[PDB]
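Novice: Protein chains in written order, with the authors' numbering: chain R, 126 to 135, 156 to 175; chain V, 289 to 368; chain B, 2 to 50, 58 to 116; chain P, 873 to 1475; chain W, 421 to 473.
Even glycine gets a Cβ: it sits at the ideal position worked out from N, Cα and C.
Supplied in structure tokens, the structure appears directly below.
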Amino acid sequence: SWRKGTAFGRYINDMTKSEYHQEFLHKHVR
Amino acid sequence: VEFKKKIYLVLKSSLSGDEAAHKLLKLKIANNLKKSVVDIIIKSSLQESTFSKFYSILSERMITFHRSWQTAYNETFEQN
Amino acid sequence: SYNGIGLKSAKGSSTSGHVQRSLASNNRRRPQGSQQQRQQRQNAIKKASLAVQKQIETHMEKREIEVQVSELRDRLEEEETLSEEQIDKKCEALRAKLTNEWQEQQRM
Amino acid sequence: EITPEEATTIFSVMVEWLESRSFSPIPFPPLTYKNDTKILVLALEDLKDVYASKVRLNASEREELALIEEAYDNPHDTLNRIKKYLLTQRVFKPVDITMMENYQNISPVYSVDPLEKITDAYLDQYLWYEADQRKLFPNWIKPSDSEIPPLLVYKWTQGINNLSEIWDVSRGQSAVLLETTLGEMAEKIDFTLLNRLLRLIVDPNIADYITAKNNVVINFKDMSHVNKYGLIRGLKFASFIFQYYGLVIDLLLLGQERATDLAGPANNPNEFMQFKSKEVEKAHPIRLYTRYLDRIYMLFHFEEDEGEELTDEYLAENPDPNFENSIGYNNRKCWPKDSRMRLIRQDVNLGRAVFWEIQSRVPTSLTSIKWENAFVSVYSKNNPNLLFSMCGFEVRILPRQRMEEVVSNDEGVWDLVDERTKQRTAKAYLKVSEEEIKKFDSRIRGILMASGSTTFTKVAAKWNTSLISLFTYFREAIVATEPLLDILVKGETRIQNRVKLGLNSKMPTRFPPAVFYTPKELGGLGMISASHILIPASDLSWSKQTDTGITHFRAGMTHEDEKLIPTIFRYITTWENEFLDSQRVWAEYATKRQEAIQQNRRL
Amino acid sequence: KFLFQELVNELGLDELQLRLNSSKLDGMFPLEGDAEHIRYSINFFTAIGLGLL
RNA sequence: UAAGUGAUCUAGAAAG
């Protein structure tokens, strides 16, 4: 009942595009 | 006078009350001045803006330690 | 380090790395003995407070009879009763006399 | 990233919200105001705050100062200019940036060109005055409340305690506290959507301006780009925008109804975490909520049935044969094993399930609510402690009824009080968060470096500042954290070696604590010891499992001829004392104000 | 008054009463009337939130 | 049936 009332009720060889890299940047900027 | 100062310093130099208590116990103070020590502690407590858990914990520790200190705390209470 | 309790080592720490035992440790060593009256009071506050028994009784009773039987066996096997009839007869006697007595018990 | 349907939904939500509030929008500011001048004076003051300390100034800085001065000279004219700019100017000077180096995480520093900066300031101030006046931001939003972060934390704790029968574990009552960070909350705000959203709350011109300001060219060191998508934190007003966007997220989380309850009725709104009734408070699972600055704090108080439902839906949705999901769980690693959240198959499942539900609730295109950046604590039959971080604390709340033996409440513990009975119903042990410790350490490092040129007095002054910040911010909570103690000793000794290194001495006998801790009046340095403390060093292998009573004291910052230098921690009123005290004195003030009224006098 | 307040805040009201009941408490809680003397103690304890007076 | 034994890093020269 309570869960209804929401708005939404139910590898790459680029060091600048690595999942590790973006994640790292996210970590170390704020 | 200087004894009092020493006691005060011991209190201050601790972080939490437990440390202070430990330091005071290390002092090896005889049964004579235990009451005096307690009085000093109380006065120090008074000097502050508000009641601190610190002092309470210290009091607890000392009390626990030896019957003499329990007596001292009691008699201090009486004096108060 | 010492007893699972010293600093890993004095290098790093940027200090003596001297390791006193506290003297509040004696308080933490005996707080149950010091504050025994705290629990004591509590304990005092709550300090006032058939089938199996019957079964046990039954066992004792039947058991007693069986002891009689055993005794009969002893008397027979030891003192002149090589035959089986003697044993069986003895058992029968025990049953009759025993269960008679126990019938009396029941009646009472 | 936003699906247009999603955007539409968001719009519908926000519209619904303001509809429910009768929230009259903020106008474009005319010449009408009695406050206008006052408002201006605030912004200028704020700006001046940057420049009062640093006497040597850059060219840009100089220009800014000049502008400020002129503004003081010509207030009305300045105001007029600002108004004109707001009406017209939708292309600005590009924003230079740099990175200030907190040695964990380098932080971007946006530097707006002074002329626009004044505009940003004034606009910001005006917006806040209007918003708060009009009751835009509901109580539940944390950072802006006019209450101190430790104070905020304390209030939160109080709220938690004062929930009606919250600590019961009898009738399968199960609490869950959900800390999570709205990842990149500002960093993926689309200007289109943002613009439209703002056009709800303020006069469209202002919205247009703000949207146009976020769209700047970000010069850094010879490389530029048009900031096409993503709010810039480093504008003056940007905070307001972020907060407003935060409201959206909050609404999405709570829905219209629960949010409405938390706010209260529009005419007579709730105080921070109060409720019009008990019934209303009890109606929903989501008993409390607060978004301190892109980090929501949803407190759920489930029943056994509800919990079962949640576990069911989740577990069915996301199955696992073994316990399994206990690994990859965001526990509080600072606390000890039997202190932090125990890993019960049930409770953990509930927690994870709850998190999943919350994630489902917010759309992914709007923000990243990744489990990895989310701590979920649980309170239950099998979990007696209840954990969280807030404003860089770590707080282990433990109710008195669940404690085996209530010892002499230690230091660095907040005894929380139940509002009805006025008894100390629950304790809240306090550590300092690892993150905050790291930040502190970074600060120390910063101080240390760029000090070959710097003189001893200046160094010590900086260090003093750092230390006083660290304490006066979280005072009481230093007692607990041994790592912080270590840092303090280590850091302090490093500072001392900066002096001692400076004299190429670096030696114990010839720097007795006279030279350091004696004040600047007497040829000393004024260094403030948080050092000569005895560091409580309990059995490291046991301590990891359970909290010990402190048994063995290590010698922290030692010296030959040991004169017992007093710490700083003893001379700062620990927060709990400060807050009880505050309550007393403010009560007294209130009473005397009434007396004054009755007597008809100036108090 | 302050002391009592502290106690109540710590222990609890009913609990406190129980505790004191266990103890003697001559000056605080006299039972033998002493001619409008309990009035005084009673009065003072009405100043703070206390029962049983 | 009611105290205090004990763990104590450094450490100064050159050139920059």
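Just the C-alpha distance for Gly1396(P) and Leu1373(P), rounded to the nearest angstrom, thanks.
Specialist: Within the fourth sequence, the letter at position 524 stands for residue 1396(P). Within the fourth sequence, the letter at position 501 stands for residue 1373(P). Using only the alpha carbons, I get a separation of about 16 Å.
Novice: Taking only the alpha-carbon atoms, compute the straight-line gap between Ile1316(P) and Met1429(P) and give it to the nearest angstrom.
Specialist: Numbered from its first residue, the fourth sequence carries residue 1316(P) at position 444. Numbered from its first residue, the fourth sequence carries residue 1429(P) at position 557. Cα-Cα distance, rounded: 16 Å.
Novice: Relative to chain R, which residues along the segment 1116-1139 of chain P have a C-beta separation below 9 Å, given in chain order?
Specialist: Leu1123, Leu1124, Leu1125, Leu1126, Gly1127, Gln1128, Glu1129, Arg1130
Novice: Answer yes or no: do residue 1478(P) and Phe1343(P) have a C-beta to C-beta separation smaller than 7 Å?
Specialist: Residue 1478(P) lies beyond the stretch modelled for chain P, which goes from 873 to 1475, so this question has no answer here.
Novice: Let me confirm a value: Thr352(V) is counted as buried when at least 16 other C-beta atoms fall within 10 Å, else exposed. Which label applies?
Specialist: Position 64 of the second sequence, counted from the start, is the residue given in the question as residue 352(V). Classification for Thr352(V): buried.
Novice: I need the straight-line Cα distance from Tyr296(V) to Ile329(V), nearest angstrom please.
Specialist: Taking the second sequence and counting its residues from 1, one reaches residue 296(V) at position 8. Taking the second sequence and counting its residues from 1, one reaches residue 329(V) at position 41. The alpha-carbon atoms of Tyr296(V) and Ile329(V) are separated by roughly 7 Å.
Novice: Any idea what DSSP makes of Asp985(P), helix, strand or coil?
Specialist: Here residue 985(P) is taken as the residue at index 113 of the fourth sequence, counted from 1. Looking at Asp985(P) - three-state DSSP - the assignment turns out to be coil, as it is neither helix nor strand.
Novice: The segment 1426-1451 of chain P: which residues have C-beta closer than 7 Å to a C-beta of chain V, in chain order?
Specialist: The residues in question are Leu1436, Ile1437, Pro1438, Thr1439, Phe1441, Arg1442, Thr1445, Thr1446, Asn1449.
Novice: Give the straight-line distance between the Cα atoms of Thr1239(P) and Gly1200(P), rounded to the nearest whole angstrom.
Specialist: Here residue 1239(P) refers to the residue found at position 367 of the fourth sequence. Here residue 1200(P) refers to the residue found at position 328 of the fourth sequence. Computed Cα separation, rounded: 22 Å.
Novice: Taking contact to mean at least 3 C-beta pairs separated by less than 8 Å, is the segment 1259-1278 of chain P in contact with the segment 1293-1303 of chain P?
Specialist: Contact holds between the segment 1259-1278 of chain P and the segment 1293-1303 of chain P, because three or more Cβ pairs, one in each stretch, are under 8 Å apart.
Novice: Do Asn1254(P) and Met1213(P) have their C-beta atoms within less than 7 Å of each other?
Specialist: In the fourth sequence, counting from the first residue as 1, residue 1254(P) sits at position 382. In the fourth sequence, counting from the first residue as 1, residue 1213(P) sits at position 341. No, the Cβ-Cβ distance between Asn1254(P) and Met1213(P) is not below 7 Å.
Novice: Indicate whether the contact test is met: 3 or more Cβ pairs, each with one atom in the segment 1220-1236 of chain P and one in the segment 1015-1027 of chain P, closer than 8 Å.
Specialist: Not touching, per the Cβ criterion.
Novice: How far does the beta strand (DSSP E) with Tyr1301(P) in it extend, from its first residue to its last?
Specialist: Numbered from its first residue, the fourth sequence carries residue 1301(P) at position 429. Its beta strand (DSSP E) spans residues 1298-1304.
Novice: Classify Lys62(B): buried if its beta carbon has 16 or more other beta carbons within 10 angstroms, exposed otherwise.
Specialist: By 1-based counting over the third sequence, the position of residue 62(B) is 54. Around the beta carbon of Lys62(B), fewer than 16 other beta carbons lie within 10 angstroms, which makes this residue exposed.
Novice: Under three-state DSSP, which class holds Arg1163(P)?
Specialist: Within the fourth sequence, numbered from 1, the residue matching residue 1163(P) stands at position 291. Strand, per DSSP.
Novice: Please report the distance separating the alpha-carbon of residue 838(P) from that of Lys1330(P).
Specialist: What is shown of chain P runs 873 to 1475, which leaves residue 838(P) out entirely.
Novice: With burial defined as no fewer than 16 other Cβ atoms inside 10 Å of the residue's Cβ, what is the status of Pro1391(P): buried or exposed?
Specialist: As a working note, residue 1391(P) is residue 519 in the fourth sequence. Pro1391(P) comes out exposed.
Novice: On the CB-based measure, 16 or more other CB atoms within 10 Å of its CB, does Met971(P) come out buried or exposed?
Specialist: Position 99 of the fourth sequence holds residue 971(P). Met971(P) comes out exposed.
Novice: Under 7 Å, do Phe1425(P) and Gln21(B) count as touching if we go by C-beta distance?
Specialist: Residue numbering aside, residue 1425(P) sits at position 553 when the fourth sequence is read from its first letter. Residue numbering aside, residue 21(B) sits at position 20 when the third sequence is read from its first letter. A Cβ-Cβ contact shorter than 7 Å links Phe1425(P) with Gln21(B).
Novice: Would you say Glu363(V) faces chain P, with C-beta separation under 7 Å as the test?
Specialist: Residue mapping note: residue 363(V) aligns to position 75 of the second sequence, counting from 1. The Cβ of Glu363(V) sits no closer than 7 Å to any Cβ of chain P.
Novice: Going by DSSP, what residue range makes up the beta strand (DSSP E) through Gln21(B)?
Specialist: Mapped onto the third sequence, residue 21(B) falls at position 20. It spans 20-22 - the beta strand (DSSP E) in which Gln21(B) sits, taken as one unbroken run.
Novice: How is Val885(P) classed by DSSP in three states: helix, strand or coil?
Specialist: By 1-based counting over the fourth sequence, the position of residue 885(P) is 13. In this structure, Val885(P) counts as helix in the three-state DSSP scheme.
Novice: Can you tell which of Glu336(V), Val298(V), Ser302(V), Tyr343(V) has its C-alpha closest to the C-alpha of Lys316(V)?
Specialist: Start at 1 with the first residue of the second sequence, and residue 316(V) comes out as number 28. The residue among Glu336(V), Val298(V), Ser302(V), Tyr343(V) with its C-alpha nearest the C-alpha of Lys316(V) is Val298(V).
Novice: Who does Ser979(P) pair with in a DSSP beta bridge?
Specialist: For the purposes of this step, residue 979(P) is taken as residue 107 along the fourth sequence, with counting starting at 1. DSSP output for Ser979(P) lists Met972(P) as bridge partner(s).
Novice: Measuring straight from C-alpha to C-alpha, what distance separates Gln1231(P) and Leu1339(P)?
Specialist: Taking the first residue of the fourth sequence as 1, we reach residue 1231(P) at position 359. Taking the first residue of the fourth sequence as 1, we reach residue 1339(P) at position 467. Roughly 39 Å between the two C-alpha positions.
Novice: Run through the DSSP bridge pairs and tell me what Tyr1169(P) is partnered with.
Specialist: Translated into the one-based positions of the fourth sequence, residue 1169(P) becomes position 297. Within the DSSP secondary-structure output, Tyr1169(P) pairs in a beta bridge with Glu1051(P).
Novice: Establish whether the CB of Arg31(B) and some CB of chain P are separated by less than 7 Å.
Specialist: Against the third sequence, residue 31(B) aligns to sequence position 30. For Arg31(B), the answer is no, since every Cβ of chain P falls outside 7 Å of its Cβ.
Novice: Quick one: which chain P residues come within Cβ less than 7 Å of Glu430(W)?
Specialist: The residue given as residue 430(W) occupies position 10 in the fifth sequence. Result: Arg1296.
Novice: Rank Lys910(P), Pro1235(P), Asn1245(P) by C-alpha distance to the C-alpha of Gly134(R) and give the top, closest one.
Specialist: Indexing the first sequence from 1 puts residue 134(R) at position 9. Comparing Cα-Cα distances from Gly134(R) to each of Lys910(P), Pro1235(P), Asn1245(P), the minimum goes to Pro1235(P).
Novice: With three or more beta-carbon pairs closer than 8 Å as the criterion, would you say the segment 978-990 of chain P touches the segment 1312-1327 of chain P?
Specialist: no
Novice: I need the boundaries of the beta strand (DSSP E) containing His310(V), first residue and last residue.
Specialist: Along the second sequence, one-based indexing puts residue 310(V) at 22. Here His310(V) belongs to no beta strand (DSSP E); instead the alpha helix (DSSP H) covers 305-314.
Novice: Spatial neighbours of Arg439(W) within its chain, please: CB distance less than 7 Å, with the 5 preceding and 5 following residues excluded, ordered by chain position.
Specialist: Here residue 439(W) corresponds to residue number 19 of the fifth sequence, with the count starting at 1. If we look at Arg439(W) and ignore the five residues flanking it on each side, its Cβ neighbours are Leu431.
Novice: I'd like the list of long-range same chain contacts for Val77(B), defined as Cβ closer than 6 Å, with 5 residues on each side in sequence excluded.
Specialist: If you number the third sequence from 1, residue 77(B) lands on position 69. Correct list, in chain order: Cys99, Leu102.
Novice: If I measure Cβ to Cβ from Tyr905(P) and keep anything under 8 Å in the same chain, skipping five residues before and after, which residues do I get?
Specialist: What you label residue 905(P) is simply residue 33 of the fourth sequence in a count that begins at 1. If we look at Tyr905(P) and ignore the five residues flanking it on each side, its Cβ neighbours are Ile911.
Novice: Applying the 10 Å Cβ sphere with the 16-neighbour rule, what's the burial state of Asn28(B)?
Specialist: The sequence position of residue 28(B) within the third sequence is 27, counting from 1. Under this definition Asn28(B) is a buried residue.
Novice: Leaving out the 5 sequence neighbours to the left and right, which residues in its chain are closer than 6 Å to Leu427(W) when beta-carbon positions are compared?
Specialist: As a first step, residue 427(W) is located in the fifth sequence; it is residue number 7 there, counting from the start. Around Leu427(W): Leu436.
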